[PDB]
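The block underneath contains the structure these notes are about, expressed in structure tokens.
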Amino acid sequence: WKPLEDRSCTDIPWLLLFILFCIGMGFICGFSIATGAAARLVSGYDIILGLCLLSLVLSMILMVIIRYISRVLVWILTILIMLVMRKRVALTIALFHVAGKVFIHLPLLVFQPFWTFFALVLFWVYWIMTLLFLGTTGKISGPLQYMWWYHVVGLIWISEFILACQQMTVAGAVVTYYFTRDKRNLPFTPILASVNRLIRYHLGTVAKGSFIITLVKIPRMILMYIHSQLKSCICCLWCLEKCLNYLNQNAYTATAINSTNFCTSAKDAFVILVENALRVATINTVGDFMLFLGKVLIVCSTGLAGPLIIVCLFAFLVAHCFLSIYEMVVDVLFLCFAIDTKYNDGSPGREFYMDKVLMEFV
Numbered sequence: 018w019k020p021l022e023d024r025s026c027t028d029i030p031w032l033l034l035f036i037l038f039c040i041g042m043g044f045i046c047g048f049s050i051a052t053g054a055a056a057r058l059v060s061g062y063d214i215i216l217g218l219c220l221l222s223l224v225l226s227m228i229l230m231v232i233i234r235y236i237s238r239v240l241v242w243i244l245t246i247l306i307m308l309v310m311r312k313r314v315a316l317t318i319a320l321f322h323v324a325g326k327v328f329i330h331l332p333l334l335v336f337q338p339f340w341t342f343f344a345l346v347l348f349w350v351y352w353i354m355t356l357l358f359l360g361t362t363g376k377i378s379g380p381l382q383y384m385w386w387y388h389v390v391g392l393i394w395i396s397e398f399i400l401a402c403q404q405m406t407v408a409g410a411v412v413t414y415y416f417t418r419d420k421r422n423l424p425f426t427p428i429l430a431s432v433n434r435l436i437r438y439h440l441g442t443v444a445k446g447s448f449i450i451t452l453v454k455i456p457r458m459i460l461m462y463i464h465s466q467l480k481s482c483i484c485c486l487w488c489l490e491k492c493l494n495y496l497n498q499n500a501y502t503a504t505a506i507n508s509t510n511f512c513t514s515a516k517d518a519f520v521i522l523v524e525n526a527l528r529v530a531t532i533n534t535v536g537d538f539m540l541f542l543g544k545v546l547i548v549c550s551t552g553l554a555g571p572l573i574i575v576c577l578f579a580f581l582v583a584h585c586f587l588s589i590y591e592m593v594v595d596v597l598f599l600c601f602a603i604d605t606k607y608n609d610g611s612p613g614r615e616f617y618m619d620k621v622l623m624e625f626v
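Residues 18 to 63, 214 to 247, 306 to 363, 376 to 467, 480 to 555, 571 to 626 (the authors' numbering) are what the sequence shown spells out, left to right.
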């Protein structure tokens, strides 16, 4: 067994379905334009900045020093059965250290949220333009009266697809960093290589993951709207969606290593997660809590300068992005750590790819 081995396109039917669906959205935006919606809508028918920059500088510093903050920070919360879970908190801290190291080796990774937000904003602008166009297409008769149903479904699916593409890109970058034996022969552009691998292969996997996510998101939105348009709310399925979203992220990483279809990768990810259920709880409850304290650190320091309320808002928005990638890198680092443990041992010919810090933990 070797990682990053003979990649091939995965989930061809789902990629074809996603392309057909995107062509359908283009057909929506083309029918609206052809009928005249575009012409008859555009034409109609009868000190402060300096602190904001300090948010980026301090947040980027946090991507490289949060590993050390958490090591001594957890202690004061530990001041006063906890002994059983201590080893898992130590594993979380080690994974945070490795995340800091990969950020050191891949400085450009912090800007992935900015590129993803640019793509999402472009798509959202296009979707709002098409929604306004549909608001005047035509009254519109026939079965095409549900073109806006199609459009909303497409908004949800495509937004989830772009977010999952971000997740897959980050997972690929972290996987390339982790499974490379020595770091001095790293690819010249690890992130660009990950993007190329995502585009050429595994696009169907991301499409299927986003489809699965939206299939549950749409019921949640409908339930929320119906409840607002009124007793007891069963919208707690958002927990299922949140849990499903986490499973999808672990499914992309398993797809990035073994180049497996979405079903097999998701099954493997679920098996690994349940096999390490306690470790997953500690990393997602203690690790996440320390990330939240990191966000509070950024906003507090930026607002410590003082009118400037907008500065505090911007620092929070950027902090949620840099920290979000830190949670993505920690989660991907964990699954890569579990795949190595299952498929490899200390014997010769199957040597571990993990770092020294994580070596002692198994």
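C-beta atoms are modelled at their ideal positions from N, C-alpha and C, and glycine is treated no differently.
The stretch 428–445 in contact with the stretch 380–387 per 3-pair CB rule at 8 Å: no
Contained alpha helix (DSSP H) runs [length at least 4] in the stretch 484–509, N- to C-terminal order: 486–507
Neighbourhood of residue 501 by C-beta, 6 Å cutoff - its chain only, sequence neighbours within 5 removed: 404, 405 and 408
Exposure label - residue 338; buried when at least 16 CB within 10 Å: Flag for residue 338 reads buried.
Burial state of residue 590, where buried means 16 or more other Cβ atoms lie within 10 Å: The C-beta of residue 590 has 16 or more other C-beta atoms within 10 Å across all chains shown, which makes the residue buried.
As assigned by DSSP and simplified to three states, the class of residue 482: Residue state, collapsed to three classes: coil.
Every unbroken alpha helix (DSSP H) within the stretch 23–59, with a cutoff of 4 residues, ordered by chain: 29–52 and 54–59
Cut-off 8 Å between Cβ atoms - residues of its own chain near residue 358, not counting five sequence neighbours on either side: 46, 49, 50, 54, 55 and 58
Burial state of residue 530 (16 or more Cβ within 10 Å): exposed
Close-in-space but distant-in-sequence residues of the same chain around residue 20 (CB under 6 Å, 5 per side omitted): 416 and 506
Anticipated Cβ contact below 8 Å, residue 411 with residue 600, distance rounded: 7 Å
The stretch 617–624 contacting the stretch 431–447, beta-carbon criterion three pairs below 8 Å: Segment contact: the stretch 617–624 against the stretch 431–447, fewer than three CB-CB distances shorter than 8 Å; contact not assigned.
For residue 546 and residue 474, believed in contact at Cβ under 8 Å, the rounded distance: Along the chain, the last residue before the gap is 467 and the first after it is 480, so residue 474 carries no coordinates.
Close-in-space but distant-in-sequence residues of the same chain around residue 233 (CB under 6 Å, 5 per side omitted): 543
Other residues of its chain near residue 626: CB distance less than 7 Å, five sequence neighbours each side excluded: 605
Inter-stretch contact (C-beta, 8 Å, three-pair minimum) for the stretch 487–499 and the stretch 436–456: yes
At least three beta-carbon pairs within less than 8 Å, the stretch 505–519 to the stretch 455–463: no
Secondary structure of residue 618, DSSP reduced to three states: coil
Any non-hydrogen atom of the ligand FAD within 8 Å of residue 47 CB: Judged by which ligands are present, the structure shown has none, so any question about the ligand FAD falls away.
Check whether residue 535 and residue 239 have beta carbons under 9 Å apart: Going by C-beta atoms, residue 535 is not nearer than 9 Å to residue 239.
Residue 394 and residue 448 closer than 9 Å at C-beta: yes
Three-state secondary structure (DSSP) of residue 459: helix
Cα-Cα separation between residue 596 and residue 380, rounded to whole angstroms: 44 Å
7 Å CB neighbourhood of residue 522 in its chain, flanking five on each side removed: 499 and 529
C-alpha distance - residue 481 paired with residue 450, whole-angstrom precision: 24 Å
Residue of 467, 466, 487 and 483 minimising C-alpha distance to residue 453: 487
Residue 31 classed as buried or exposed, judged by whether at least 16 other C-beta atoms fall within 10 angstroms: buried
Residue 424 versus residue 334 - alpha carbon distance: Distance between the alpha carbons of residue 424 and residue 334: 14 Å.
9 Å Cβ cutoff met for residue 27 and residue 510: Contact: yes.
Whole-angstrom distance between residue 622 and residue 345, CA atom to CA atom: 36 Å
Spatial distance of residue 592 from residue 324 (CA atoms): 9 Å
Closest Cα partner of residue 226 within the set 603, 332 and 533: 332
Beta-carbon spacing of residue 583, residue 552 below 9 Å: no
Outcome for residue 319 when other beta-carbon atoms lying within 10 angstroms are tallied against a minimum of 16: buried
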